[PDB]
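Peer 1: First, the structure itself, so that you have it in front of you.
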Amino acid sequence: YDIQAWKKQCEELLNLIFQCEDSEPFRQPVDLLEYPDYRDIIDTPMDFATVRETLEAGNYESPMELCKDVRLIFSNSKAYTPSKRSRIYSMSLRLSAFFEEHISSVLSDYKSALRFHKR
Ligand SMILES: Cc1ccc(N)c(=O)n1C
């Protein structure tokens, strides 16, 4: 029932994601010199360094907000990919599966703690 525990749990999950080779294309904003048409397709860029910085600045109120930004990294990859078989997109799918597997208990524990707080 710790309402604040999600923050360190998210920091540790982000550390695991940064150790994972599949996260390398997503660690920093997409380079517009490498992908000149990126902003013609993607309206809201997102990357793991921005998520980590937002968390560390105390600019997420809940793990749901962090989860919305991480999911945006994956939906941007899906929207920008020229093929469902592309290398970078395929890395995004594995990383998404790993993230969802680990964020599930973070979200459940937070929501349960908040329900207990408001009982
Ligand atoms: C093609 C591509 C390039 C760079 C990215 N970060 C990405 O998500 N895709 C899908």
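Every chain in the structure tokens takes a letter, A first, then B, and so on in the order presented; its residues are numbered from 1, and the ligands are numbered from 1 following the presented order.
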Taking only C-alpha atoms and all ligand atoms and a cut-off of 8 Å, can you tell me which residues surround ligand 1, written as a list in words?
Peer 2: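 Residues satisfying the distance criterion: residues 25, 26, 29, 30, 31, 35, 73, 74, 76, 77, 78, 79, 80, 81, 82, 86, 87, 88, 89 and 92 of chain A.
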Peer 1: Please return as a PyMOL selection string: the residues of chain A that backbone DSSP assigns to helix (DSSP H, G or I).
Peer 2: chain A and resi 6-19+21-26+38-41+48-56+63-80+87-117
Peer 1: In terms of the shortest atom-to-atom distance over only C-alpha atoms, which of A:110, A:68, A:115, A:14 is closest to residue 2 of chain A?
Peer 2: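 The answer is A:110, which sits nearest to residue 2 of chain A.
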Peer 1: Which is closer to residue 72 of chain A than all the others in A:43, A:101, A:11, A:53, using only C-alpha atoms?
Peer 2: A:43
Peer 1: With a distance cut-off of 8 Å and only C-alpha atoms, select the neighbouring residues of residue 107 of chain A, excluding the residue or stretch itself and same-chain residues fewer than 6 positions from it, and output the selection as a PyMOL selection string.
Peer 2: chain A and resi 6+63-64
Peer 1: May I have the residues from that selection written out with C-alpha atoms, as a PDB file, in the first residue's frame?
Peer 2:
ATOM      1  CA  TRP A   6       6.149   3.032  -8.228  1.00  0.00           C
ATOM      2  CA  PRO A  63       3.088   5.182 -13.282  1.00  0.00           C
ATOM      3  CA  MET A  64       0.128   5.384 -15.739  1.00  0.00           C
TER       4      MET A  64
END
Peer 1: What's the 9 Å shell around residue 70 of chain A, counting only C-alpha atoms, without same-chain residues fewer than 2 positions away, as a list in words?
Peer 2: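 Using only C-alpha atoms, the neighbours found are residues 46, 47, 48, 51, 65, 66, 67, 68, 72, 73, 74, 75, 96 and 99 of chain A.
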Peer 1: Restricted to C-alpha atoms, what would the selected residues look like written as a PDB file, in the first residue's frame?
Peer 2:
ATOM      1  CA  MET A  46       9.282  10.189 -27.452  1.00  0.00           C
ATOM      2  CA  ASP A  47      12.364   8.301 -26.264  1.00  0.00           C
ATOM      3  CA  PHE A  48      13.631   6.590 -23.079  1.00  0.00           C
ATOM      4  CA  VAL A  51      10.967   9.371 -20.012  1.00  0.00           C
ATOM      5  CA  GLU A  65       1.590   8.643 -17.105  1.00  0.00           C
ATOM      6  CA  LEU A  66       5.031   7.019 -17.525  1.00  0.00           C
ATOM      7  CA  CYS A  67       3.383   3.993 -19.183  1.00  0.00           C
ATOM      8  CA  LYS A  68       1.548   6.313 -21.681  1.00  0.00           C
ATOM      9  CA  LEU A  72       4.146   6.267 -27.365  1.00  0.00           C
ATOM     10  CA  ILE A  73       7.778   5.209 -28.082  1.00  0.00           C
ATOM     11  CA  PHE A  74       6.434   1.889 -29.407  1.00  0.00           C
ATOM     12  CA  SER A  75       3.450   3.349 -31.308  1.00  0.00           C
ATOM     13  CA  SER A  96       7.431  -3.672 -25.619  1.00  0.00           C
ATOM     14  CA  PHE A  99       8.209  -3.582 -20.669  1.00  0.00           C
TER      15      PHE A  99
END
Peer 1: I need the residue nearest residue 32 of chain A from this list: A:18, A:8, A:45, A:103. Use only C-alpha atoms for the distance.
Peer 2: A:45
Peer 1: Between atom CA of residue 95 of chain A and atom CA of residue 23 of chain A, measure the distance and give it in Å to one decimal.
Peer 2: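 Spanning atom CA of residue 95 of chain A to atom CA of residue 23 of chain A is a straight-line distance of 6.8 Å.
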